[PDB]
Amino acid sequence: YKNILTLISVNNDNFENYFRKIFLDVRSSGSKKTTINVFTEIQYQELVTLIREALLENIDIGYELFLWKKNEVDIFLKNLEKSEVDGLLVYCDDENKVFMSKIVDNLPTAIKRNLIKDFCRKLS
């Protein structure tokens, strides 16, 4: 893998712990790059403040962060038409599982097929 599509939707208090996991999984995939899409209502600056440590430990990872409000999933999906990702990582917590599951269900066939890890749908 060389370009991982990472999707995440969790409550604010789970961002730091989940992001450290995201980077560990991206590292394990062999990829040096990942485009991280966060489905949340908070602002970019607030997110970065929460995940300061996760980002600090992964300065050498080629990542880009994109935040999407709940009504912007269609923009995210449209933009995927121009993506070149070859691997997919999915993350969520219980409060956002149903929502994330719907996003996953609508991913382009070729992208959905490249699911590497799903730390979301099977969570209790």
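The numbering used is simple: start at 1 and walk along the sequence shown.
**Student:** So which stretch wins on mean C-alpha B-factor, 39-47 or 68-76?
**Tutor:** Here the higher of the two C-alpha B-factor means belongs to 39-47.
**Student:** Tell me which of 26-34 and 77-85 has the higher mean C-alpha B-factor in the deposited entry.
**Tutor:** According to the entry, 77-85 carries the higher average C-alpha B-factor.
**Student:** For the chain shown, is the CA B-factor of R113 in the lowest, middle or highest third of its modelled residues?
**Tutor:** Highest third of the chain for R113's C-alpha B-factor.
**Student:** Using the B-factor values recorded in the entry, state whether the Cα atom of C120 falls in the lowest, middle or highest third among the modelled residues of its chain.
**Tutor:** Highest third.
**Student:** Considering only modelled residues of the same chain, in which third does the CA B-factor of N106 rank: lowest, middle or highest?
**Tutor:** Within its chain, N106 is a lowest-third residue by C-alpha B-factor, going by the deposited values.
**Student:** Could you place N11 in the lowest, middle or highest third of its chain by Cα temperature factor, using the values in the record?
**Tutor:** Tercile = highest for this residue's CA B-factor.
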